[PDB]
Trainee: 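Let me begin by handing over the structure; questions about it come next.
Below, all heavy atoms of this structure are taken into account, side chains as well, without hydrogens, waters or symmetry copies. Numbers restart at 1 for each chain; the letters A, B, ... are given by sequence-line order, proteins then strands.
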Amino acid sequence: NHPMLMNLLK
Amino acid sequence: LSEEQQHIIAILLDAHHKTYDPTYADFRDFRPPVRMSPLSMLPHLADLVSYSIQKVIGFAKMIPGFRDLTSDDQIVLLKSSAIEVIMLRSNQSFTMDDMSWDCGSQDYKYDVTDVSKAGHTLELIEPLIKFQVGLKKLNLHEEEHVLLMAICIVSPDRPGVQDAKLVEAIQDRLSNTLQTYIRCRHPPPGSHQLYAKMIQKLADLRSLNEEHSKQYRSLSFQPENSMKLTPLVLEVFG
Ligand SMILES: C=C1[C@H](O)CC(=C/C=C2\CCC[C@]3(C)[C@@H]([C@H](C)CCCO)CC[C@@H]23)C[C@H]1O
């Protein structure tokens, strides 16, 4: 549910 | 102080150096501050909060052990600590002279009135400023400061954590490293019950987090103000 937070973590 | 512990400090220092620009040059990119029309400061400070979230993410990714955690955990921990680490990391700009955050010029100097013009009441602001004052008084070594920020992020205690035992074991390596660093490389009197006072700050942050959440729910209740935020801010706090 948090794609922007995910992209920043990847 | 072990070699694994020396290494851990060096990493957090560099991680912090790479995520915290003490000239605050990026601030020119934000929607401008307006200090005259309530909520005039909301667009500038939202942008600042948003930027700050990204820098906390970048910092978090380098915490030794943080990568070993599952994606969902990583999510849960950043989501719930973000505002706290921002409060903690803002201590570097906070100045006791006039109880303000001084980011390099008057345009980027924030005080009580400014935080107020972003929709926040004294129920948050007064203990936020008290928090900054008691943190400033600890006069932490940059090493204790960056360890505190790391321990805040890796808390097994946060709701929705799947692998609470892994988060804990990672937190522990950092605790021990911080407990050991205080004994070694802080001289008294500065090191007196200093760990206990640091861990207490960690509890004050939870309290500040709660307050921020409620004042956030109320602000983002009018879609007119909620549209003044940023997508990252809506996703993280949203
Ligand atoms: C990089 C940073 C920090 O991340 C943030 C900075 C200041 C922090 C401030 C100054 C103004 C008031 C701030 C932003 C508080 C928030 C606006 C309140 C909660 C946000 O929704 C929390 C932290 C407070 C500038 C600079 O020191």
Trainee: Take A:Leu8 and B:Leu78, measure what side-chain contact (heavy atoms from CB on, under 4.5 Å) needs, and give me the verdict at the end.
Mentor: CA-CA 11 Å; A:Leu8 291 156; B:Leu78 263 170; over 6 Å; no
Trainee: So which N and O atoms of chain A and chain B form donor-acceptor pairs under 3.5 Å?
Mentor:
from	atom 1	to	atom 2	distance (Å)
A:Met4	N	B:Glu235	OE1	3.0
A:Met4	N	B:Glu235	OE2	3.4
A:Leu5	N	B:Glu235	OE2	2.7
A:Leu8	O	B:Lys61	NZ	2.8
A:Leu9	O	B:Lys61	NZ	3.2

Trainee: Starting at CG of A:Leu5, measure out to CD1 of B:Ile57 and round the result to the nearest 0.5 Å.
Mentor: 4.5 Å
